[PDB]
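The next block holds one structure in the form of structure tokens; read it before the comments.
There are 6 protein chains.
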Amino acid sequence: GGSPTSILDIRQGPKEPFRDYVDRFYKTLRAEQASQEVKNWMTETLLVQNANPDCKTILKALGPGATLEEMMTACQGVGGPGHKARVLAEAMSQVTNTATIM
Amino acid sequence: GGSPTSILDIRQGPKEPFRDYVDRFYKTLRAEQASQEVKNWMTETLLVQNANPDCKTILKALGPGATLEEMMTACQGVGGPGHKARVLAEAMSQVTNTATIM
Amino acid sequence: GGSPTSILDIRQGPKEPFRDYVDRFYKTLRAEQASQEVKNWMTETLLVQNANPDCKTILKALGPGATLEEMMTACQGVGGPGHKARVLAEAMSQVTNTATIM
Amino acid sequence: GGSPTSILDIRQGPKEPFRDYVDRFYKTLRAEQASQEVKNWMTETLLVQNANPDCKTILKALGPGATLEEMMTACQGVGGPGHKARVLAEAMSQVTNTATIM
Amino acid sequence: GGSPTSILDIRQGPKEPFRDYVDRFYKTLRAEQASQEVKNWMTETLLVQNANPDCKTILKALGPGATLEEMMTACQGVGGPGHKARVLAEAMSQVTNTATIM
Amino acid sequence: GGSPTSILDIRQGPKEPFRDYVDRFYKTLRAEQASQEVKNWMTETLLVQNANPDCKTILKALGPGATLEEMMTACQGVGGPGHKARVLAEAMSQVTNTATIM
Ligand SMILES: O=P(O)(O)O[C@H]1[C@H](OP(=O)(O)O)[C@@H](OP(=O)(O)O)[C@H](OP(=O)(O)O)[C@@H](OP(=O)(O)O)[C@H]1OP(=O)(O)O
Ligand SMILES: CC(C)(C)c1ccc([C@@H](Cn2cccc(C(F)(F)F)c2=O)NC2Cc3ccccc3C2)cc1
């Protein structure tokens with residue numbers, strides 16, 4: 008438990024792409040002793056929870072249980088400028104137009 | 008599956024210029040036994056989806072899979088600073104002037 | 008006594024992942040000959056005091072008593088684009104909507 | 008074909024100054040068997056295209072083919088905080104003050 | 008004159024946390040054959056002068072004469088996402104709420 | 008004549024601090040066989056021109072010929088977050104408050 012790279016500490020860097028950090032997770036899932044159904048918790052949820060807020064904030068929005076292609080595409084936005092561009096508009100437009108809280 | 012790069016997920020860094028990546032997109036291609044037509048996903052849409060959203064927007068800006076000179080010329084706008092030069096102002100007006108969502 | 012890396016100076020890179028530096032502070036607490044109890048108060052507090060104002064502002068936000076799997080989950084928000092993706096919208100509203108100081 | 012250092016892949020890092028890439032486009036052509044005029048789409052245009060858009064926005068105003076003393080003194084504006092000294096404010100004036108689009 | 012690491016050229020990375028850099032300044036101070044008082048110019052004013060403007064502003068804010076622990080604690084804010092979360096946000100209100108110039 | 012690093016091309020990285028590069032300009036000046044008076048024009052002007060526009064906007068502000076201590080102290084503001092802490096507030100106010108162009 009918690010052996011090197013059991014998924015439990017796998018991590019996506021802010022500058023690490025989703026499709027990249029994923030290689031760091033899946034590969035190490037093999038390095039981890041988990042049933043396929045169990046790994047599904049690691050890929051479905053952990054992949055969202057411990058990996059780069061660009062994607063955590065996304066896969067959570069898409070929701071858990073969405074296919075990995077729906078997430079793979081939606082998470083390709085991850086990557087600073089690429090994400091930050093959309094996040095810039097959404098956030099900038101949140102505080103002011105769409106999410107103006109009063 | 009898991010063989011070194013089949014052009015499933017080759018990747019453009021979020022800051023890595025499109026061109027560095029085109030050589031890499033192509034690099035896996037020289038190793039991937041992808042027929043030329045098949046390579047069309049590899050050139051056009053791979054070069055769109057996993058290629059850093061800046062090209063995803065730009066390739067959309069020209070048209071997806073535009074000539075390697077067209078997607079590229081336009082894609083030198085990719086990269087952080089590369090896009091920040093333009094995309095910042097445009098997005099900045101996406102929120103306020105051009106795309107103000109009401 | 009209070010030798011280098013023990014915990015006395017364990018400092019976190021600002022963008023460095025919560026968990027990463029925590030890995031420092033953990034793998035390094037070994038270097039710090041501490042009682043099992045004398046270790047923990049360093050892990051909940053000393054981790055918070057000298058680490059990532061993003062993870063310190065969060066660890067504090069969750070409120071102490073949050074198991075690592077709970078800290079890590081929240082401080083996974085920490086990060087350049089990682090914390091900027093969540094803070095961009097927030098800070099932008101700290102000034103305008105939520106923390107508007109009059 | 009697939010040969011690097013022909014300009015077809017030379018590149019200025021998005022953070023990288025105009026000048027830092029100048030050598031990348033000059034020296035990389037030392038390795039390329041070319042004519043001086045032939046090297047000119049490069050010195051003039053690729054030097055404008057993949058050379059980190061901080062310079063493409065500068066060279067677009069300054070103009071292309073500017074002498075190495077001009078593109079230098081001018082695209083020395085290229086640069087992470089180096090351009091930010093000016094460019095941030097410029098984009099900030101591209102949307103709101105000078106180049107605002109209605 | 009120009010002797011390596013006399014504190015004259017010691018410096019803090021623009022993102023480097025205050026302390027990591029302080030380890031440099033101090034480590035080489037041990038080497039600069041100085042008196043306790045002399046080392047105190049390096050700790051009071053050079054420390055401030057080169058320590059990455061994220062903190063250079065802070066140390067002044069607390070005011071010099073504060074314990075290195077004092078500046079350190081107030082300088083754990085130093086850092087990219089680490090200093091921006093607290094200070095960039097402050098800049099956001101420098102335009103709108105607190106430093107709105109007139 | 009025009010030997011490498013003769014000051015004609017010495018350059019400061021966009022992120023490279025003024026002090027660092029100044030060490031690249033001074034040391035390389037040793038490599039440059041120049042009279043002191045001549046070196047002075049290189050230290051006064053050339054240092055200003057090809058040294059990271061962060062400083063260029065600063066040195067120009069302090070006034071050319073400011074003593075290295077003056078250029079340094081102010082150019083310790085040079086840097087990514089370090090210059091940004093100031094410059095972001097400034098450019099932002101160049102568009103809206105102080106330099107609003109009508
Ligand atoms: O660290 P921050 O103050 O948040 O800003 C950084 C910094 O930009 P600055 O030049 O303004 O300091 C990086 O510069 P480097 O020191 O890494 O060169 C830049 O890098 P690039 O020019 O290469 O894009 C990076 O972007 P990234 O994290 O994509 O590498 C950008 O961060 P933000 O885009 O998140 O604001
Ligand atoms: C949205 C994103 C892509 C991430 C982006 C947007 C804008 C910038 C630069 C301006 N800007 C504009 C053009 C070129 C440069 C360059 F760096 F290339 F020289 C530059 O600094 N301002 C913001 C940077 C930042 C980070 C967090 C808090 C505030 C700011 C202001 C940088 C990055």
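Chains as they are written, first to last, in this note's numbering: chain A, 8 to 109; chain B, 8 to 109; chain C, 8 to 109; chain D, 8 to 109; chain E, 8 to 109; chain F, 8 to 109. Even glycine gets a Cβ: it sits at the ideal position worked out from N, Cα and C.
Subject >> Separation of F/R37 from F/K46, as counted between CA atoms >> reply: 10 Å
**OP:** Would you decide whether residue 7 of chain F is buried or exposed? Buried here means 16 or more other CB atoms lie within 10 Å of its CB.
**Re:** For residue 7 of chain F there is no data in the structure shown, the boundaries of chain F being 8 and 109.
**OP:** Locate the alpha helix (DSSP H) running through F/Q43, then write down its first and last residues.
**Re:** 43-48
Original post:
Does ligand 2 have a heavy atom nearer than 7 Å to the CB of A/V29?
Top reply: no
Subject >> Amino acids of chain F, ordered along the chain, whose beta-carbon sits closer than 9 Å to that of D/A58 >> reply: Those do not exist, as D/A58 stays about 14 Å from chain F at its closest Cβ, beyond 9 Å.
Original post:
Quick one: is the Cβ of D/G87 within less than 7 Å of any heavy atom of ligand 1?
Top reply: For D/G87, the CB falls within less than 7 Å of some heavy atom of ligand 1.
Subject >> C/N59 beta carbon less than 8 Å from that of C/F25 >> reply: yes
**OP:** With a threshold of 7 Å, establish whether the CB of E/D61 neighbours any heavy atom of ligand 2.
**Re:** No, the Cβ of E/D61 stays beyond 7 Å of every heavy atom of ligand 2.
Subject >> Interface residues of chain F facing D/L95 [CB-CB closer than 8 Å] >> reply: What D/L95 touches in chain F: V94, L95, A98, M99.
Original post:
Quick one: is F/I108 near chain D, going by C-beta distance under 8 Å?
Top reply: Chain D contact via Cβ: present.
**OP:** State yes or no: is the beta carbon of F/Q19 nearer than 8 Å to at least one beta carbon in chain E?
**Re:** The C-beta of F/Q19 comes no closer than 8 Å to any C-beta of chain E.
Original post:
Can you tell me where the alpha helix (DSSP H) with A/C82 in it begins and where it stops?
Top reply: Per DSSP, A/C82 belongs to no alpha helix (DSSP H) and is neither H nor E.
Original post:
Smallest Cα separation from E/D30: which of E/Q56, E/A68, E/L75, E/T52?
Top reply: Closest by alpha carbon: E/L75.
**OP:** Flag residue 4 of chain E as yes when its Cβ comes closer than 7 Å to any non-hydrogen atom of ligand 1, and as no otherwise.
**Re:** The structure shown does not extend to residue 4 of chain E, since chain E is modelled only from 8 through 109, so no value can be given for it.
**OP:** With 8 Å as the C-beta to C-beta threshold (strictly closer), list the residues of the region 60-89 of chain F near chain D in chain order.
**Re:** Residues of the region 60-89 of chain F whose Cβ lies closer than 8 Å to any Cβ of chain D, in chain order: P60, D61, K63, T64, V85, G86, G87, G89.
**OP:** Return the chain-ordered list of same chain residues with a C-beta closer than 7 Å to the C-beta of E/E23, the five sequence neighbours on each side being excluded.
**Re:** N59
Original post:
Relative to the alpha-carbon of C/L53, which residue among C/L95, C/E77, C/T12 has its alpha-carbon at the smallest distance?
Top reply: C/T12
Original post:
Looking at the C-beta of B/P11, does it have a partner C-beta in chain D at a distance below 8 Å?
Top reply: no
Original post:
Taking the alpha carbon of F/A96 as the point to measure from, which residue in E/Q101, E/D27, E/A81 has its own alpha carbon closest?
Top reply: E/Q101
**OP:** Could you tell me the distance, in whole angstroms, from the CA atom of residue 4 of chain C to the CA atom of F/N57?
**Re:** Given a span of 8 to 109 for chain C in the structure shown, any question on residue 4 of chain C remains unanswerable.
Original post:
Shortest alpha-carbon distance to B/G72 belongs to which of B/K91, B/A92, B/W48?
Top reply: B/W48
Original post:
Is E/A106 helix, strand or coil when you go by DSSP?
Top reply: For E/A106, the secondary structure class from DSSP, reduced to helix, strand or coil, is coil.
Original post:
Anyone know if the C-beta pair for D/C62 and D/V85 falls short of 8 Å?
Top reply: yes
Original post:
Under the criterion of a Cβ to heavy atom distance below 7 Å, does A/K91 qualify as lining ligand 2?
Top reply: yes
Subject >> Opposing strand residues paired with F/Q19 [DSSP bridges] >> reply: F/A58
Original post:
Less than 7 Å between the CB of B/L95 and some heavy atom of ligand 2, yes or no?
Top reply: yes
Original post:
Excluding five sequence neighbours on each side, which residues of the same chain lie with their C-beta closer than 8 Å to the C-beta of C/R18?
Top reply: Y28, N57, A58
Original post:
What residue does the alpha helix (DSSP H) around A/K34 start on, and which one ends it?
Top reply: 25-38
Subject >> Closer than 8 Å at the beta carbon, the chain C residues around A/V102 >> reply: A96, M99, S100, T103, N104
Original post:
Does the beta carbon of E/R31 sit closer than 8 Å to a beta carbon anywhere in chain C?
Top reply: Interface flag for E/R31 against chain C is unset, since no Cβ pair is found closer than 8 Å.
Subject >> Through-space distance from B/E51 to B/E77, alpha-carbon basis >> reply: 11 Å
Subject >> Test: F/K46 CB closer than 8 Å to a CB of chain E >> reply: Not one chain E Cβ lies under 8 Å of F/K46.
Original post:
Assuming F/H90 and D/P88 make a contact with CB atoms under 8 Å, what is their CB distance in whole Å?
Top reply: 4 Å
**OP:** Assign residue 5 of chain E to one of two classes, buried (16 or more other C-beta atoms within 10 Å of its C-beta) or exposed (fewer than that).
**Re:** The requested residue 5 of chain E does not occur in the structure, where chain E is confined to residues 8 to 109.
Original post:
Closest by CA to C/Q83, which one among A/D16, A/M99, A/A92?
Top reply: A/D16
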